[PDB]
Structures are given as C-alpha cells and as structure tokens.
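Just entry.cif here, mmCIF, N, CA and C atoms:
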```cif
data_work
#
loop_
_atom_site.label_atom_id
_atom_site.label_comp_id
_atom_site.auth_asym_id
_atom_site.auth_seq_id
_atom_site.Cartn_x
_atom_site.Cartn_y
_atom_site.Cartn_z
N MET A 1 151.40 -147.39 28.89
CA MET A 1 151.14 -148.36 27.83
C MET A 1 152.11 -149.53 27.91
N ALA A 2 153.38 -149.27 27.61
CA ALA A 2 154.40 -150.31 27.66
C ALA A 2 155.61 -149.85 28.47
N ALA A 3 156.13 -150.74 29.30
CA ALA A 3 157.28 -150.43 30.13
C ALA A 3 158.52 -151.17 29.65
N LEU A 4 159.69 -150.60 29.91
CA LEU A 4 160.95 -151.20 29.50
C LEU A 4 161.06 -152.64 29.99
N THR A 5 160.62 -152.87 31.23
CA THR A 5 160.67 -154.20 31.82
C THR A 5 160.01 -155.23 30.90
N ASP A 6 158.86 -154.87 30.35
CA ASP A 6 158.13 -155.76 29.46
C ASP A 6 158.99 -156.16 28.26
N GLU A 7 159.64 -155.17 27.66
CA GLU A 7 160.50 -155.42 26.50
C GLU A 7 161.68 -156.32 26.88
N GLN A 8 162.17 -156.15 28.11
CA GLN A 8 163.29 -156.95 28.59
C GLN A 8 162.92 -158.42 28.67
N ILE A 9 161.85 -158.72 29.41
CA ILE A 9 161.39 -160.09 29.57
C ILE A 9 160.99 -160.70 28.23
N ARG A 10 160.46 -159.86 27.35
CA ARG A 10 160.03 -160.31 26.03
C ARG A 10 161.22 -160.78 25.20
N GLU A 11 162.26 -159.96 25.15
CA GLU A 11 163.46 -160.29 24.39
C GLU A 11 164.15 -161.52 24.98
N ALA A 12 164.18 -161.60 26.31
CA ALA A 12 164.81 -162.72 27.00
C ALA A 12 164.13 -164.04 26.63
N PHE A 13 162.82 -164.10 26.83
CA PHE A 13 162.06 -165.30 26.52
C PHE A 13 162.15 -165.64 25.03
N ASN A 14 162.25 -164.60 24.21
CA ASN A 14 162.35 -164.79 22.76
C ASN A 14 163.65 -165.48 22.39
N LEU A 15 164.74 -165.06 23.02
CA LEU A 15 166.05 -165.65 22.75
C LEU A 15 166.11 -167.09 23.24
N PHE A 16 165.71 -167.31 24.48
CA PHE A 16 165.71 -168.64 25.07
C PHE A 16 164.88 -169.61 24.23
N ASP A 17 163.72 -169.15 23.79
CA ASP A 17 162.83 -169.97 22.97
C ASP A 17 163.39 -170.16 21.57
N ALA A 18 164.20 -169.20 21.13
CA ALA A 18 164.81 -169.26 19.81
C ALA A 18 165.56 -170.57 19.60
N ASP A 19 166.04 -171.15 20.70
CA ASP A 19 166.78 -172.40 20.65
C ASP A 19 166.00 -173.46 19.87
N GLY A 20 164.67 -173.37 19.93
CA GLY A 20 163.83 -174.32 19.24
C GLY A 20 163.63 -175.60 20.02
N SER A 21 163.87 -175.53 21.33
CA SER A 21 163.72 -176.70 22.19
C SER A 21 162.45 -176.59 23.04
N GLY A 22 161.93 -177.74 23.45
CA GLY A 22 160.72 -177.76 24.25
C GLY A 22 160.92 -177.09 25.60
N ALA A 23 162.15 -177.10 26.09
CA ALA A 23 162.47 -176.49 27.38
C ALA A 23 163.90 -175.97 27.40
N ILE A 24 164.17 -175.03 28.31
CA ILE A 24 165.50 -174.45 28.43
C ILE A 24 166.12 -174.77 29.79
N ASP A 25 167.32 -175.34 29.76
CA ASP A 25 168.02 -175.69 30.99
C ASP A 25 168.90 -174.54 31.46
N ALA A 26 169.53 -174.72 32.62
CA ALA A 26 170.40 -173.70 33.19
C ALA A 26 171.63 -173.49 32.31
N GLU A 27 172.16 -174.58 31.77
CA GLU A 27 173.34 -174.51 30.91
C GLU A 27 173.11 -173.57 29.73
N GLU A 28 171.93 -173.69 29.12
CA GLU A 28 171.58 -172.86 27.97
C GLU A 28 171.48 -171.40 28.38
N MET A 29 170.89 -171.15 29.54
CA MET A 29 170.73 -169.79 30.04
C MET A 29 172.09 -169.12 30.25
N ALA A 30 173.01 -169.85 30.87
CA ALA A 30 174.35 -169.33 31.13
C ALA A 30 175.09 -169.06 29.83
N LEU A 31 175.03 -170.01 28.91
CA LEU A 31 175.70 -169.88 27.62
C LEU A 31 175.22 -168.63 26.89
N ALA A 32 173.91 -168.41 26.89
CA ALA A 32 173.33 -167.25 26.24
C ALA A 32 173.81 -165.95 26.88
N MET A 33 173.69 -165.87 28.20
CA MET A 33 174.11 -164.69 28.94
C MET A 33 175.55 -164.32 28.60
N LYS A 34 176.41 -165.33 28.55
CA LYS A 34 177.82 -165.11 28.23
C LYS A 34 177.99 -164.60 26.81
N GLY A 35 177.29 -165.23 25.87
CA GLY A 35 177.37 -164.82 24.48
C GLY A 35 176.99 -163.37 24.28
N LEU A 36 175.98 -162.92 25.02
CA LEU A 36 175.51 -161.54 24.92
C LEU A 36 176.43 -160.59 25.69
N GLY A 37 177.11 -161.13 26.70
CA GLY A 37 178.02 -160.32 27.49
C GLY A 37 177.29 -159.27 28.31
N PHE A 38 176.00 -159.49 28.54
CA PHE A 38 175.19 -158.56 29.31
C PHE A 38 174.30 -159.30 30.30
N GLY A 39 173.99 -158.64 31.42
CA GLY A 39 173.15 -159.25 32.43
C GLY A 39 173.79 -160.47 33.06
N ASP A 40 175.07 -160.34 33.42
CA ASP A 40 175.80 -161.44 34.03
C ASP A 40 175.55 -161.49 35.54
N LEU A 41 174.81 -162.50 35.98
CA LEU A 41 174.49 -162.66 37.39
C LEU A 41 175.32 -163.78 38.01
N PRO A 42 175.45 -163.74 39.35
CA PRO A 42 176.22 -164.75 40.09
C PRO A 42 175.53 -166.11 40.09
N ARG A 43 176.27 -167.14 40.50
CA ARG A 43 175.74 -168.49 40.55
C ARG A 43 174.56 -168.58 41.51
N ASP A 44 174.66 -167.88 42.63
CA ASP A 44 173.60 -167.87 43.63
C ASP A 44 172.29 -167.37 43.03
N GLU A 45 172.39 -166.38 42.15
CA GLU A 45 171.21 -165.81 41.51
C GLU A 45 170.57 -166.81 40.56
N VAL A 46 171.40 -167.63 39.92
CA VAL A 46 170.92 -168.64 38.99
C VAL A 46 170.17 -169.75 39.71
N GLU A 47 170.78 -170.27 40.77
CA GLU A 47 170.17 -171.34 41.55
C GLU A 47 168.89 -170.86 42.23
N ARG A 48 168.92 -169.63 42.74
CA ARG A 48 167.77 -169.05 43.41
C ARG A 48 166.61 -168.85 42.43
N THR A 49 166.93 -168.31 41.26
CA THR A 49 165.92 -168.06 40.24
C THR A 49 165.26 -169.36 39.78
N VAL A 50 166.09 -170.38 39.54
CA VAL A 50 165.59 -171.67 39.10
C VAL A 50 164.71 -172.32 40.17
N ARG A 51 165.14 -172.19 41.43
CA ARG A 51 164.39 -172.76 42.55
C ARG A 51 163.02 -172.11 42.68
N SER A 52 162.99 -170.79 42.55
CA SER A 52 161.74 -170.04 42.65
C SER A 52 160.79 -170.40 41.51
N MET A 53 161.29 -170.29 40.28
CA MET A 53 160.49 -170.61 39.10
C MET A 53 160.07 -172.07 39.10
N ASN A 54 161.06 -172.97 39.06
CA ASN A 54 160.79 -174.40 39.06
C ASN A 54 160.55 -174.91 40.47
N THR A 55 159.29 -174.92 40.90
CA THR A 55 158.94 -175.38 42.23
C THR A 55 159.31 -176.85 42.42
N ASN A 56 159.18 -177.63 41.35
CA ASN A 56 159.50 -179.05 41.40
C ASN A 56 160.79 -179.34 40.64
N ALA A 57 161.86 -179.63 41.38
CA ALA A 57 163.15 -179.93 40.78
C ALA A 57 163.09 -181.23 39.97
N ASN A 58 162.79 -181.10 38.68
CA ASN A 58 162.71 -182.26 37.80
C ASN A 58 163.68 -182.14 36.64
N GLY A 59 164.60 -181.18 36.74
CA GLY A 59 165.57 -180.97 35.69
C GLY A 59 164.98 -180.29 34.47
N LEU A 60 163.84 -179.63 34.66
CA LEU A 60 163.17 -178.94 33.56
C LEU A 60 162.56 -177.63 34.04
N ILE A 61 162.54 -176.63 33.17
CA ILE A 61 161.98 -175.33 33.50
C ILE A 61 160.78 -175.00 32.62
N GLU A 62 159.68 -174.59 33.26
CA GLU A 62 158.47 -174.25 32.53
C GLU A 62 158.49 -172.79 32.09
N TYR A 63 157.99 -172.54 30.88
CA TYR A 63 157.96 -171.18 30.34
C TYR A 63 156.95 -170.32 31.09
N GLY A 64 155.83 -170.92 31.48
CA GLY A 64 154.81 -170.19 32.21
C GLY A 64 155.29 -169.72 33.57
N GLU A 65 155.85 -170.64 34.34
CA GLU A 65 156.35 -170.32 35.67
C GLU A 65 157.55 -169.38 35.59
N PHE A 66 158.32 -169.50 34.51
CA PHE A 66 159.49 -168.66 34.31
C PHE A 66 159.10 -167.20 34.12
N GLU A 67 158.27 -166.95 33.11
CA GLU A 67 157.81 -165.59 32.82
C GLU A 67 157.00 -165.03 33.99
N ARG A 68 156.20 -165.88 34.61
CA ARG A 68 155.37 -165.47 35.73
C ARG A 68 156.23 -164.97 36.89
N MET A 69 157.27 -165.74 37.21
CA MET A 69 158.17 -165.38 38.30
C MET A 69 158.91 -164.08 37.98
N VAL A 70 159.52 -164.02 36.80
CA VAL A 70 160.26 -162.84 36.38
C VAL A 70 159.40 -161.59 36.49
N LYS A 71 158.15 -161.69 36.04
CA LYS A 71 157.23 -160.56 36.08
C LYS A 71 156.89 -160.19 37.53
N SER A 72 156.87 -161.20 38.40
CA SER A 72 156.56 -160.98 39.81
C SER A 72 157.65 -160.15 40.48
N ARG A 73 158.90 -160.57 40.32
CA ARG A 73 160.03 -159.87 40.91
C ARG A 73 160.22 -158.51 40.25
N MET A 74 159.96 -158.44 38.95
CA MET A 74 160.10 -157.19 38.21
C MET A 74 159.03 -156.18 38.62
N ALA A 75 157.85 -156.68 38.95
CA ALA A 75 156.74 -155.83 39.36
C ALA A 75 157.14 -154.95 40.55
N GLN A 76 157.98 -155.49 41.42
CA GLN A 76 158.44 -154.76 42.60
C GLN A 76 159.36 -153.62 42.20
N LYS A 77 160.26 -153.88 41.26
CA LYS A 77 161.20 -152.88 40.79
C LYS A 77 160.54 -151.93 39.79
N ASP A 78 160.96 -150.67 39.81
CA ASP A 78 160.40 -149.67 38.90
C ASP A 78 161.50 -148.78 38.34
N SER A 79 161.14 -147.92 37.39
CA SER A 79 162.10 -147.02 36.77
C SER A 79 162.79 -146.15 37.82
N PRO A 80 163.94 -145.58 37.45
CA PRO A 80 164.73 -144.72 38.34
C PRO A 80 164.04 -143.39 38.61
N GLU A 81 163.47 -142.80 37.56
CA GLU A 81 162.78 -141.52 37.68
C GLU A 81 161.47 -141.68 38.45
N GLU A 82 160.75 -142.76 38.16
CA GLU A 82 159.48 -143.03 38.82
C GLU A 82 159.65 -143.12 40.33
N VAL A 83 160.60 -143.94 40.76
CA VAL A 83 160.87 -144.12 42.18
C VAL A 83 161.33 -142.81 42.82
N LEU A 84 162.15 -142.06 42.09
CA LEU A 84 162.66 -140.79 42.59
C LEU A 84 161.52 -139.84 42.93
N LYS A 85 160.63 -139.62 41.97
CA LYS A 85 159.49 -138.73 42.17
C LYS A 85 158.59 -139.25 43.29
N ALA A 86 158.38 -140.56 43.32
CA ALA A 86 157.54 -141.17 44.34
C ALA A 86 158.05 -140.84 45.74
N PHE A 87 159.35 -141.00 45.95
CA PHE A 87 159.96 -140.71 47.24
C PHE A 87 159.86 -139.22 47.57
N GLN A 88 160.17 -138.38 46.59
CA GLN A 88 160.11 -136.94 46.78
C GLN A 88 158.74 -136.51 47.30
N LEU A 89 157.69 -137.08 46.72
CA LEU A 89 156.33 -136.76 47.13
C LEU A 89 156.03 -137.31 48.52
N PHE A 90 156.41 -138.56 48.75
CA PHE A 90 156.18 -139.21 50.04
C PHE A 90 156.87 -138.43 51.16
N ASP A 91 157.99 -137.81 50.84
CA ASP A 91 158.75 -137.03 51.82
C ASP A 91 159.54 -135.92 51.14
N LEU A 92 159.22 -134.68 51.47
CA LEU A 92 159.90 -133.53 50.89
C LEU A 92 161.38 -133.52 51.27
N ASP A 93 161.68 -134.02 52.46
CA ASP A 93 163.06 -134.08 52.94
C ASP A 93 163.66 -135.46 52.71
N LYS A 94 164.93 -135.62 53.06
CA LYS A 94 165.62 -136.89 52.88
C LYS A 94 166.25 -137.35 54.20
N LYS A 95 165.42 -137.79 55.13
CA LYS A 95 165.89 -138.26 56.42
C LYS A 95 166.43 -139.68 56.32
N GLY A 96 165.82 -140.48 55.46
CA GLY A 96 166.25 -141.85 55.28
C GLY A 96 165.97 -142.71 56.50
N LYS A 97 165.11 -142.22 57.38
CA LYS A 97 164.75 -142.95 58.59
C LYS A 97 163.28 -143.33 58.58
N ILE A 98 162.99 -144.56 58.16
CA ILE A 98 161.62 -145.05 58.11
C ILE A 98 161.54 -146.49 58.59
N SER A 99 160.57 -146.76 59.47
CA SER A 99 160.38 -148.10 60.01
C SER A 99 160.01 -149.09 58.90
N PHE A 100 160.66 -150.25 58.90
CA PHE A 100 160.40 -151.27 57.90
C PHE A 100 158.91 -151.64 57.87
N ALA A 101 158.29 -151.64 59.05
CA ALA A 101 156.87 -151.97 59.16
C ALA A 101 156.03 -151.07 58.26
N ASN A 102 156.25 -149.76 58.37
CA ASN A 102 155.51 -148.79 57.57
C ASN A 102 155.67 -149.08 56.08
N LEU A 103 156.90 -149.32 55.66
CA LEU A 103 157.19 -149.61 54.26
C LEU A 103 156.39 -150.82 53.78
N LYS A 104 156.36 -151.87 54.59
CA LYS A 104 155.64 -153.08 54.25
C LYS A 104 154.15 -152.79 54.06
N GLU A 105 153.56 -152.09 55.02
CA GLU A 105 152.15 -151.74 54.95
C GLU A 105 151.83 -150.99 53.66
N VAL A 106 152.67 -150.02 53.32
CA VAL A 106 152.49 -149.23 52.11
C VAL A 106 152.52 -150.11 50.87
N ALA A 107 153.49 -151.03 50.83
CA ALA A 107 153.63 -151.93 49.70
C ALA A 107 152.37 -152.77 49.50
N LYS A 108 151.94 -153.45 50.56
CA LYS A 108 150.75 -154.28 50.50
C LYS A 108 149.52 -153.45 50.15
N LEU A 109 149.50 -152.21 50.62
CA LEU A 109 148.38 -151.31 50.35
C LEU A 109 148.30 -150.97 48.86
N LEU A 110 149.45 -150.95 48.20
CA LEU A 110 149.51 -150.64 46.78
C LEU A 110 148.93 -151.78 45.95
N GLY A 111 148.77 -152.94 46.57
CA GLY A 111 148.22 -154.09 45.88
C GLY A 111 149.29 -154.94 45.22
N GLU A 112 150.53 -154.79 45.69
CA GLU A 112 151.64 -155.55 45.14
C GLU A 112 151.96 -156.76 46.01
N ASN A 113 152.13 -157.92 45.38
CA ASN A 113 152.44 -159.15 46.10
C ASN A 113 153.78 -159.72 45.65
N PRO A 114 154.87 -159.04 46.02
CA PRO A 114 156.23 -159.46 45.66
C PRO A 114 156.65 -160.73 46.40
N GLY A 115 157.82 -161.25 46.05
CA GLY A 115 158.32 -162.45 46.69
C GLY A 115 158.89 -162.19 48.07
N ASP A 116 158.63 -163.09 49.00
CA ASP A 116 159.12 -162.95 50.37
C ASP A 116 160.63 -162.72 50.38
N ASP A 117 161.33 -163.42 49.49
CA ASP A 117 162.78 -163.30 49.40
C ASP A 117 163.19 -161.86 49.12
N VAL A 118 162.40 -161.17 48.30
CA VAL A 118 162.68 -159.78 47.95
C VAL A 118 162.46 -158.86 49.14
N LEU A 119 161.53 -159.24 50.01
CA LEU A 119 161.22 -158.45 51.20
C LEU A 119 162.35 -158.53 52.22
N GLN A 120 162.69 -159.76 52.62
CA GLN A 120 163.75 -159.98 53.59
C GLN A 120 165.08 -159.45 53.07
N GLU A 121 165.37 -159.74 51.80
CA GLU A 121 166.62 -159.30 51.18
C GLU A 121 166.69 -157.78 51.13
N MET A 122 165.59 -157.16 50.72
CA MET A 122 165.52 -155.70 50.62
C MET A 122 165.84 -155.05 51.97
N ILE A 123 165.11 -155.46 53.00
CA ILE A 123 165.32 -154.92 54.34
C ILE A 123 166.74 -155.16 54.82
N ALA A 124 167.28 -156.33 54.48
CA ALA A 124 168.64 -156.69 54.88
C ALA A 124 169.65 -155.70 54.30
N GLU A 125 169.51 -155.40 53.02
CA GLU A 125 170.41 -154.47 52.35
C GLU A 125 170.28 -153.06 52.92
N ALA A 126 169.05 -152.54 52.92
CA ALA A 126 168.79 -151.21 53.45
C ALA A 126 169.22 -151.10 54.91
N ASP A 127 169.18 -152.22 55.62
CA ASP A 127 169.56 -152.25 57.03
C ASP A 127 171.06 -151.99 57.19
N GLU A 128 171.83 -152.35 56.17
CA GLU A 128 173.27 -152.16 56.19
C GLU A 128 173.62 -150.68 56.39
N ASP A 129 172.71 -149.81 55.97
CA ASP A 129 172.92 -148.37 56.11
C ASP A 129 173.04 -147.97 57.57
N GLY A 130 172.26 -148.63 58.43
CA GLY A 130 172.29 -148.33 59.85
C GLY A 130 172.04 -149.55 60.70
N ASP A 131 171.22 -149.39 61.74
CA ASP A 131 170.90 -150.49 62.64
C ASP A 131 169.40 -150.56 62.89
N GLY A 132 168.69 -151.31 62.05
CA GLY A 132 167.26 -151.44 62.20
C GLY A 132 166.49 -150.31 61.54
N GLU A 133 167.13 -149.64 60.58
CA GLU A 133 166.51 -148.53 59.88
C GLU A 133 166.53 -148.76 58.37
N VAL A 134 165.51 -148.24 57.69
CA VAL A 134 165.41 -148.39 56.24
C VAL A 134 165.66 -147.07 55.53
N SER A 135 166.80 -146.99 54.84
CA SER A 135 167.16 -145.77 54.12
C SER A 135 167.05 -145.98 52.61
N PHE A 136 165.96 -145.49 52.03
CA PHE A 136 165.72 -145.62 50.60
C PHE A 136 166.89 -145.04 49.80
N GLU A 137 167.56 -144.05 50.38
CA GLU A 137 168.69 -143.41 49.73
C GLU A 137 169.75 -144.43 49.34
N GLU A 138 169.96 -145.42 50.20
CA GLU A 138 170.94 -146.47 49.95
C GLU A 138 170.56 -147.29 48.72
N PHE A 139 169.32 -147.77 48.69
CA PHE A 139 168.83 -148.57 47.58
C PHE A 139 168.96 -147.80 46.26
N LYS A 140 168.41 -146.59 46.23
CA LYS A 140 168.46 -145.76 45.04
C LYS A 140 169.90 -145.59 44.55
N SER A 141 170.79 -145.24 45.48
CA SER A 141 172.20 -145.04 45.14
C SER A 141 172.78 -146.29 44.48
N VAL A 142 172.49 -147.45 45.06
CA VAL A 142 172.98 -148.71 44.52
C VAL A 142 172.49 -148.93 43.09
N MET A 143 171.20 -148.73 42.88
CA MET A 143 170.61 -148.91 41.56
C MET A 143 171.31 -148.04 40.53
N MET A 144 171.54 -146.78 40.88
CA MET A 144 172.21 -145.84 39.99
C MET A 144 173.63 -146.32 39.66
N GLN A 145 174.35 -146.74 40.69
CA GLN A 145 175.72 -147.22 40.52
C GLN A 145 175.77 -148.37 39.52
N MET A 146 174.83 -149.30 39.65
CA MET A 146 174.76 -150.45 38.76
C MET A 146 174.47 -150.02 37.32
N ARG A 147 173.48 -149.15 37.16
CA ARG A 147 173.11 -148.65 35.84
C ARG A 147 174.31 -148.03 35.13
N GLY A 148 175.08 -147.24 35.87
CA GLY A 148 176.25 -146.60 35.29
C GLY A 148 177.36 -147.59 34.99
N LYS A 149 177.79 -148.33 36.01
CA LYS A 149 178.85 -149.31 35.85
C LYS A 149 178.42 -150.44 34.92
#
```
Encoding of this model in structure tokens:
Amino acid sequence: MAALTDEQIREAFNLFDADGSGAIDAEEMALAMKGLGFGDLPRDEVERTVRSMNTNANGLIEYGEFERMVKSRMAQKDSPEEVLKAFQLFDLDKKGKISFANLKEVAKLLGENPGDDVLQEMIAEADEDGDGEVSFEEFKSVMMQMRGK
C-alpha cells in the first residue's frame, strides 16, 4: 500500500514548499537540512542532485522534476528486509560472485529504469570488494552501517 520512501519524499517536499515560495533554491535546501540535523549530504551530492533534476541550469528548480527524480533514484533502493529476502531466494549461499552483466539484465527485466549514474556508481562501489566482481554483501553491509550510524 504505502512505503516509507513515499512518506520521506512527501515530508521533504512538504517542508520545502512550506517556505511559501514559488521555487526552492539550493541555499534553502541546505539551510533546511542543517536545521533538521538529519540527512546531511556532501556538496557533490547537492550539485549532482540539482544537475539531474534541473536539466536546464536557470537558477531555478521545478517541483515536478524534483519529485520525479527523487522517486526515480528511490525506486532503485528498497527496504533492508526486502532486499535481504530477495537475495536469499536468488541464492541460498553467499558467494558474492556475480557478473555485473547478469545483474543489469535482471534489473531491466524487473521493469526498473534507474539513473545511469546509479548504475555506474553502484558497480564502482561493489567493484571495490574485488576486481571486476559484484558482491551484494558489500552494498548491504554499507546500507546497514549507515542506518545504524
């Protein structure tokens, strides 16, 4: 019915819009994040997010493209338990050795159209585990570490 992600994006857009302005700039986004003291991302994440959402650098951000983008990147990510069970079923064991190609095919087969940046970045991170290998164990571990810390 409803996923946590939905509530997250909903509250976010609600706060940003709360300003009562026709549009929200980067300065406002940073100020809000700081005030809440939660969800503090790096500068690179801010510039990247703005670039993706705002295709045309005109010093303004659209609400439609903003929510649309956020939902796109969020669509790729899923709950911790959901992903856990999914992997367990896909593989009873934990070899952590799977060709990136196979993973891509499976993703596209699911009907998901994530951002290219998420694909290259994902493989890059998982690749750190070894040399040309994709270990889901690494990703999962990272997610858990973040949730806790």
Explicit residues for the PyMOL selection byres (((chain A and resi 37-50 and name CA) around 12) and name CA) (as an NGL selection string): :A and (8 or 12 or 24-36 or 51-63 or 65-70 or 72-73 or 115 or 117-118 or 146-147 or 149)
Result set of the PyMOL selection byres ((chain A and resi 132) around 7) on the coordinates above, as a list in words: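 That expression, the PyMOL selection byres ((chain A and resi 132) around 7), corresponds here to residues 98, 99, 100, 127, 128, 130, 131, 133 and 134 of chain A.
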Which of segment 7-73 of chain A DSSP labels alpha helix (DSSP H), written as a PyMOL selection string: chain A and resi 7-18+26-36+43-53+63-73
Test item: which residues lie within 7 Å of (165.0, -140.5, 47.0) counting all atoms listed in the file, as a PyMOL selection string: chain A and resi 83-85+87-88+94+136-137+140
Distance in Å - atom CA of residue 71 of chain A versus atom N of residue 5 of chain A: 9.7 Å
Shortest interatomic distance to residue 96 of chain A - which of A:120, A:81, A:113, A:139, counting only C-alpha atoms: A:139
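The coordinates place atom C of residue 102 of chain A at 15.6 Å from atom C of residue 116 of chain A.
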Box dimensions and centre (Å, one decimal) enclosing segment 104-123 of chain A, axis-aligned, 5 Å extra per side, as JSON:
```
{"center_x": 157.5, "center_y": -156.3, "center_z": 50.1, "size_x": 28.5, "size_y": 24.2, "size_z": 19.9}
```
Between atom N of residue 109 of chain A and atom N of residue 10 of chain A, distance in Å (one decimal): 26.8 Å
